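In structure tokens, one chain follows: the form deposited in one PDB entry.
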């Protein structure tokens, strides 16, 4: 092959990912997985500092070559579990991810499957969106983590909006703050009911049309809503305000990435350097 393998980075949703070096000396992430070939190639001209760079597409099996980053946010949260990620670093990462999402969404690209282990970090303080769930959206063929899935997806919405990524990022924000997953369900209905028990069972008042969702059942239990002071306790009122807007049930009420960037929570945002053990 044109690539000397270094290690298997892991198993994505679409296939294996390897750390490999180009035999240019470049160290890359090599993901293994037409007419979609045209769409995927468009993404390569679209670049943003908070999106992992797609270097090459090769159909011969489908291969995607990405820039390599040494650690993901899931590993960093685990490493930081005794102390917690410092709030200025949580704030910088959230701000950067919202910048990345605002870029994607302005180009009508959804991520669809945001989770800590798809968020890649470097020693310089950057964080970048990786492992986009774009196969289905492009028509590409061939245990799932549901913890970050928006409620309209779980209720069988046929068309996703950009709001699904804001929901996921809100769940990630909460987990960075509390050091524990916000909604750790193990089935679609367990995920849904974990959301309902915390945020209240949605009705037509807070979510017009929810009772017409394909998978909505009138026999859903009716749980009342808790208080965000209980949900992410340490977080100040600016962060709790922003989080509540990223977790609105109604996708139309849920804050956009660009509006979130103007939220007062980010008035004092900085770019700290993380302590990384590689």
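Here, rigid core means the biggest group of C-alpha atoms that superpose within 1.5 Å across both forms. Positions refer to the first chain, counted from 1.
Unshown form solved in complex with a small molecule; subsequent notes refer to it.
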- Examine residue 220 and determine whether its closest non-hydrogen atom to the small molecule in the deposited complex is within 4.5 angstroms. no
- Task: Report yes if any heavy atom of residue 67 sits within 4.5 Å of a heavy atom of the small molecule in the deposited complex; otherwise report no.
- Result: yes
- 4.5 Å heavy atom contact, residue 72 to the small molecule in the deposited complex: yes
- Answer with yes or no whether residue 118 is in contact with the small molecule in the deposited complex, where contact means some heavy atom within 4.5 Å. yes
- Note on the structure: Among 172 to 180, 85 to 93, 186 to 194, 110 to 118, the stretch whose residues bring a heavy atom within 4.5 Å of the small molecule in the deposited complex is 110 to 118
- With the two forms aligned on their rigid core, point out which item of 135, 79, 110, 102 shifts its C-alpha by 2 Å or more between the shown form and the other one. 135
- After the core is matched up, is the C-alpha of residue 39 off by 2 Å or more between the shown form and the other one? yes
- Distance flag for residue 133 and residue 217 (Cα, change 3 Å or more) in the deposited complex: the two residues are farther
- Note on the structure: One pair moves by 3 angstroms or more in the deposited complex: the C-alpha atoms of residue 47 and residue 135, which are closer
